[PDB]
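Raw query-v8.cif, mmCIF, C-alpha atoms and all ligand atoms:
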data_run
#
loop_
_atom_site.group_PDB
_atom_site.id
_atom_site.type_symbol
_atom_site.label_atom_id
_atom_site.label_comp_id
_atom_site.auth_asym_id
_atom_site.auth_seq_id
_atom_site.Cartn_x
_atom_site.Cartn_y
_atom_site.Cartn_z
ATOM 1 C CA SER A 1 78.812 54.317 27.745
ATOM 2 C CA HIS A 2 80.310 55.337 31.068
ATOM 3 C CA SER A 3 83.773 56.315 32.241
ATOM 4 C CA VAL A 4 86.779 56.278 29.942
ATOM 5 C CA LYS A 5 89.803 56.162 32.215
ATOM 6 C CA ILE A 6 93.143 54.894 30.965
ATOM 7 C CA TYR A 7 92.526 51.244 30.172
ATOM 8 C CA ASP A 8 94.144 48.706 27.879
ATOM 9 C CA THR A 9 90.766 48.033 26.310
ATOM 10 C CA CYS A 10 91.311 48.028 22.564
ATOM 11 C CA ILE A 11 90.706 45.556 19.763
ATOM 12 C CA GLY A 12 90.625 47.559 16.553
ATOM 13 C CA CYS A 13 87.217 49.163 16.190
ATOM 14 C CA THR A 14 88.640 52.655 15.869
ATOM 15 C CA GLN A 15 85.659 53.966 17.797
ATOM 16 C CA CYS A 16 86.445 56.219 20.736
ATOM 17 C CA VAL A 17 89.655 57.214 18.997
ATOM 18 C CA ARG A 18 87.551 59.227 16.579
ATOM 19 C CA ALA A 19 84.752 60.932 18.471
ATOM 20 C CA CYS A 20 86.878 63.552 20.187
ATOM 21 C CA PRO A 21 87.431 67.003 18.670
ATOM 22 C CA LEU A 22 89.611 67.769 21.668
ATOM 23 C CA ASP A 23 91.811 64.748 21.068
ATOM 24 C CA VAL A 24 91.653 62.907 24.370
ATOM 25 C CA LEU A 25 91.818 59.212 23.569
ATOM 26 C CA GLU A 26 95.411 59.144 22.381
ATOM 27 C CA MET A 27 98.053 56.453 22.064
ATOM 28 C CA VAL A 28 99.649 55.053 25.197
ATOM 29 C CA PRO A 29 102.226 52.391 26.088
ATOM 30 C CA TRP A 30 100.656 48.961 25.770
ATOM 31 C CA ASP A 31 101.701 45.425 24.917
ATOM 32 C CA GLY A 32 98.845 43.931 22.933
ATOM 33 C CA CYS A 33 98.265 46.155 19.924
ATOM 34 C CA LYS A 34 100.156 45.696 16.678
ATOM 35 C CA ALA A 35 102.182 48.697 17.783
ATOM 36 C CA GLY A 36 102.114 47.781 21.455
ATOM 37 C CA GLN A 37 100.024 50.861 22.144
ATOM 38 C CA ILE A 38 96.507 51.097 23.520
ATOM 39 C CA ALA A 39 94.228 54.038 22.827
ATOM 40 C CA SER A 40 93.653 55.720 26.167
ATOM 41 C CA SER A 41 93.252 59.177 27.655
ATOM 42 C CA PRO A 42 96.462 59.887 29.580
ATOM 43 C CA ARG A 43 96.724 63.637 29.139
ATOM 44 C CA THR A 44 93.111 64.633 29.672
ATOM 45 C CA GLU A 45 94.323 68.158 30.324
ATOM 46 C CA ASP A 46 92.001 69.119 27.492
ATOM 47 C CA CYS A 47 88.453 67.853 27.858
ATOM 48 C CA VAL A 48 85.430 69.548 29.380
ATOM 49 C CA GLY A 49 83.373 66.370 29.443
ATOM 50 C CA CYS A 50 81.990 66.900 25.960
ATOM 51 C CA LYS A 51 79.460 64.620 24.308
ATOM 52 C CA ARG A 52 81.475 62.809 21.666
ATOM 53 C CA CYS A 53 83.278 59.732 22.936
ATOM 54 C CA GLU A 54 80.341 57.884 24.450
ATOM 55 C CA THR A 55 81.821 54.856 22.727
ATOM 56 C CA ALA A 56 84.684 53.780 24.958
ATOM 57 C CA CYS A 57 84.955 50.248 23.627
ATOM 58 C CA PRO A 58 81.975 47.886 23.868
ATOM 59 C CA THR A 59 82.406 48.171 27.618
ATOM 60 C CA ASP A 60 83.564 44.568 27.569
ATOM 61 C CA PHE A 61 86.328 46.004 29.721
ATOM 62 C CA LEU A 62 86.429 49.588 30.933
ATOM 63 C CA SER A 63 87.460 49.026 34.531
ATOM 64 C CA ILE A 64 84.479 49.476 36.819
ATOM 65 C CA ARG A 65 85.205 53.041 37.864
ATOM 66 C CA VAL A 66 82.521 55.195 36.289
ATOM 67 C CA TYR A 67 83.165 58.854 35.565
ATOM 68 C CA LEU A 68 81.374 60.267 32.545
ATOM 69 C CA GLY A 69 78.368 62.133 33.889
ATOM 70 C CA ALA A 70 78.782 60.240 37.140
ATOM 71 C CA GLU A 71 80.509 62.383 39.738
ATOM 72 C CA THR A 72 81.295 65.622 37.943
ATOM 73 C CA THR A 73 81.991 67.123 41.348
ATOM 74 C CA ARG A 74 85.718 67.765 41.511
ATOM 75 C CA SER A 75 86.675 66.339 38.137
ATOM 76 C CA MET A 76 83.919 68.234 36.366
ATOM 77 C CA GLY A 77 86.330 69.540 33.757
ATOM 78 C CA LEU A 78 88.253 72.457 35.212
ATOM 79 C CA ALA A 79 87.808 72.006 38.944
ATOM 80 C CA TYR A 80 90.234 69.159 38.367
HETATM 81 S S1 LIG B 101 84.221 64.371 26.702
HETATM 82 FE FE1 LIG B 101 84.812 64.943 24.639
HETATM 83 S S2 LIG B 101 87.080 65.572 24.777
HETATM 84 FE FE2 LIG B 101 86.526 64.458 26.616
HETATM 85 S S3 LIG B 101 86.902 62.136 26.147
HETATM 86 FE FE3 LIG B 101 84.782 62.467 25.574
HETATM 87 S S4 LIG B 101 84.975 62.994 23.315
HETATM 88 FE FE4 LIG B 101 87.044 63.303 24.059
HETATM 89 S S1 LIG B 102 86.284 51.490 21.409
HETATM 90 FE FE1 LIG B 102 87.827 50.266 22.437
HETATM 91 S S2 LIG B 102 88.782 48.789 20.365
HETATM 92 FE FE2 LIG B 102 87.770 50.573 19.576
HETATM 93 S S3 LIG B 102 89.256 52.125 19.015
HETATM 94 FE FE3 LIG B 102 88.697 52.613 21.300
HETATM 95 S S4 LIG B 102 90.066 51.410 22.568
HETATM 96 FE FE4 LIG B 102 90.277 50.430 20.394
#
Do you think you could lay out the structure here as structure tokens?
Ligand code: SF4
Ligand code: SF4
Amino acid sequence: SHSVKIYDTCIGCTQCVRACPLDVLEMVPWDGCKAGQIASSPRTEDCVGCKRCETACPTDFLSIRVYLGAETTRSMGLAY
């Protein structure tokens, strides 16, 4: 698992929207879900790159951006 930006990658696995004691992967405006809302991380104001998510969808999507333990230079967690 790598990166977890705001993507409309959701099917109904529940995963990703569970492993997060900080509550990052929240509900966003989408047009595909039963409630036209995709589980993404819009307000990542709270998240110090913890080890929980590591399950952002099957990766079938997840725009090729990479982030999780990738750069951690300016977006480490606070520096951002
Ligand atoms: S690092 Fe932790 S708080 Fe941040 S997205 Fe992953 S599970 Fe949620
Ligand atoms: S891993 Fe991908 S399908 Fe599953 S709950 Fe998260 S967004 Fe939805």
List the residues selected by the PyMOL selection byres (((not hetatm)) within 7 of (chain B and resi 102)) in the file shown, writing them as an MDAnalysis selection string.
chainID A and resid 9:17 38:40 55:58
Excluding range 71-80 of chain A and residues on its chain fewer than 4 positions from it, collect all residues at most 12 Å away from it, counting only C-alpha atoms, and give them as a CSV table (one decimal) with C-alpha atoms, in the frame of the given file.
chain,number,residue,atom,x,y,z
A,2,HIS,CA,80.3,55.3,31.1
A,3,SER,CA,83.8,56.3,32.2
A,44,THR,CA,93.1,64.6,29.7
A,45,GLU,CA,94.3,68.2,30.3
A,46,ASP,CA,92.0,69.1,27.5
A,47,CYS,CA,88.5,67.9,27.9
A,48,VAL,CA,85.4,69.5,29.4
A,49,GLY,CA,83.4,66.4,29.4
A,50,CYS,CA,82.0,66.9,26.0
A,65,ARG,CA,85.2,53.0,37.9
A,66,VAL,CA,82.5,55.2,36.3
A,67,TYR,CA,83.2,58.9,35.6
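Relative to CA of residue 19 in chain A, atom FE3 of ligand LIG 101 (chain B) is found at 7.3 Å.
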A:30, A:43, A:52, A:18: which is nearest ligand LIG 101 (chain B), counting only C-alpha atoms and all ligand atoms?
A:52
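When all atoms listed in the file are used to measure the gap to ligand LIG 101 (chain B), the shortest distance among A:35, A:64, A:27, A:20 belongs to A:20.
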Do you have the CA of residue 4 in chain A-CA of residue 34 in chain A distance handy?
21.6 Å
Grab the CA of residue 53 in chain A to CA of residue 41 in chain A distance for me, in Å with one decimal place.
11.0 Å
Counting all atoms listed in the file, the residue among A:21, A:8, A:51, A:1 that lies closest to residue 36 in chain A is A:8
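Nearest to ligand LIG 101 (chain B) of all the residues A:69, A:54, A:42, A:31 is A:54, based on only C-alpha atoms and all ligand atoms.
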Listed atoms of ligand LIG 101 (chain B), axis-aligned box, 5 Å per side: centre and edge lengths to one decimal in Å, as JSON?
{"center_x": 85.7, "center_y": 63.9, "center_z": 25.0, "size_x": 12.9, "size_y": 13.4, "size_z": 13.4}
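With all atoms listed in the file as the basis for measurement, A:22 is the residue among A:33, A:70, A:22, A:6 that approaches ligand LIG 101 (chain B) most closely.
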